[PDB]
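> This one is an experimental structure. Sequence first:
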Amino acid sequence: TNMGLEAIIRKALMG
Amino acid sequence: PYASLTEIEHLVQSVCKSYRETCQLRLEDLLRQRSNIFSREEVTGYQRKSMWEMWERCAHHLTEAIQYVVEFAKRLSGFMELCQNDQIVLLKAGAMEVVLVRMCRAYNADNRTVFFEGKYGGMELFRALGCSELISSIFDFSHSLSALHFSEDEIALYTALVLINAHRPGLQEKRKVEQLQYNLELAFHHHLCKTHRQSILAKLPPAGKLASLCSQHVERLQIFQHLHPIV
Ligand SMILES: COc1ccc(-c2c(-c3nc(CC(=O)NCC4CCOCC4)cs3)cnn2C(C)(C)C)cc1
């Protein structure tokens, strides 16, 4: 899993 | 309490819907799955795995769950209205704490076991992680939480309050978040009063530091993946 911490939340929030 | 009684009852229901919709597995299914427990051969299978391999699997599961927590946040009445800086700040500080609450929620006190990858298993299942001090404290937190018997609605409101906390450093719209938090405290307070369980939050242990550590391990693996085997 390359994306983690704040980077995964940012990606997750875009929706 | 200026808010009318009917308006608060809806806020309870809206928050519970968001929690139930966004759990990875429905609680009712979790209780029904308590019968199937990993076989001693399956357990040893997990123990044979290399520290990295078991951490790599566990960290992916923490990140998957985080993603479902972000969805929970989106469903909160006022979360979308907040500026993206604030939306991100609240999720950085709190989203891992919710995760631990949701995973520790899928636990069985009778035989001290946790739902993990399809079947229930005990603390011994995690020996490959090699942080027994962390694993025993996490299982303790889960056992204490089980004693309190939180309902889905009580667990939905409490996790909601963890995310929507107005004291996190770096919030731009502090006042806007306090208003959203207060409304959740009003709601939750009413629900505890109706059921005579005002004292339950005092008895819950703090999971903040445990989650801080879990986040540190998740980050550790992403910083160092080039030194470990490829996906
Ligand atoms: C016993 O307490 C523990 C808590 C967490 C853990 C735990 C996990 C879990 N990964 C899953 C993956 C999974 O089965 N997902 C489906 C569930 C998710 C929760 O909601 C119900 C469906 C469940 S646990 C990953 N890392 N850790 C640490 C030990 C590092 C912390 C272990 C043990």
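Done, it's in. Numbering: from 1, shown residues only, chains lettered A, B, ... in the order given.

> show me the contacts for the residue nearest to residue B:90 when sequence neighbours are not counted.
Excluding the flanking residues, the one nearest residue B:90 by CB to CB, 6 or more residues apart in numbering or on different chains is residue B:163, at 5.7 Å. All C-beta atoms are positioned from the backbone trio N, CA, C, and that covers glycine. Listed by CB atoms under 8 Å, 6 or more residues apart in numbering or on different chains, the contact set of residue B:163 reads B:69, B:72, B:73, B:76, B:90, B:91, B:94, B:95, B:98.

> now, which of those lie close to the ligand?
Among those, not one lies near the ligand by CB under 6 Å from any ligand atom.

> As JSON lines, those residues with neighbour count and secondary structure would be great.
As requested, the contacts of residue B:163 are exported to JSON lines (neighbours: other CB atoms under 10 Å in any protein chain shown; DSSP: H, G, I helix; E, B strand; the rest coil):
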{"residue": "B:69", "neighbour count": "24", "secondary structure": "helix"}
{"residue": "B:72", "neighbour count": "23", "secondary structure": "helix"}
{"residue": "B:73", "neighbour count": "25", "secondary structure": "helix"}
{"residue": "B:76", "neighbour count": "20", "secondary structure": "coil"}
{"residue": "B:90", "neighbour count": "25", "secondary structure": "helix"}
{"residue": "B:91", "neighbour count": "25", "secondary structure": "helix"}
{"residue": "B:94", "neighbour count": "21", "secondary structure": "helix"}
{"residue": "B:95", "neighbour count": "26", "secondary structure": "helix"}
{"residue": "B:98", "neighbour count": "26", "secondary structure": "helix"}
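
> Among the residues you listed, which one sits closest to residue B:179?
residue B:76 (12.6 Å; CB to CB).

> so what's that closest one up against?
B:15, B:18, B:160, B:163, B:164, B:180.

> now it: how far from the ligand?
In this view, residue B:76 and the ligand are 19 Å apart by CB to the nearest ligand atom, to the nearest Å.

> now, which of the contacts of residue B:76 sits nearest chain A?
Nearest to chain A among the contacts of residue B:76, counting by CB to the nearest CB, is residue B:163 at 11.5 Å.

> Got phi/psi on that closest one?
Phi and psi for residue B:163, reported as degrees, to the nearest 10, are phi -70, psi -50.

> Okay, it and the ligand: tell me how far apart.
Counting by CB to the nearest ligand atom, the separation of residue B:163 from the ligand is 17 Å.

> Tell me where chain B has strands.
Counting by DSSP state E, chain B has these strands, from start to end: B:107-108, B:113-116, B:119-121.

> Residue B:148: which of those is closest?
Going by CB to CB, the one of the strands of chain B nearest residue B:148 is strand B:107-108, 12.1 Å.

> Which positions in chain B make contact with the ligand?
Counting by CB under 6 Å from any ligand atom, chain B sits next to the ligand at B:23-25, B:58, B:61-62, B:65, B:102-104, B:106-107, B:114-117, B:126, B:135, B:138-139, B:142, B:214.

> which residue sits closest to residue B:221 in space, ignoring its chain neighbours?
residue B:59 (4.9 Å).
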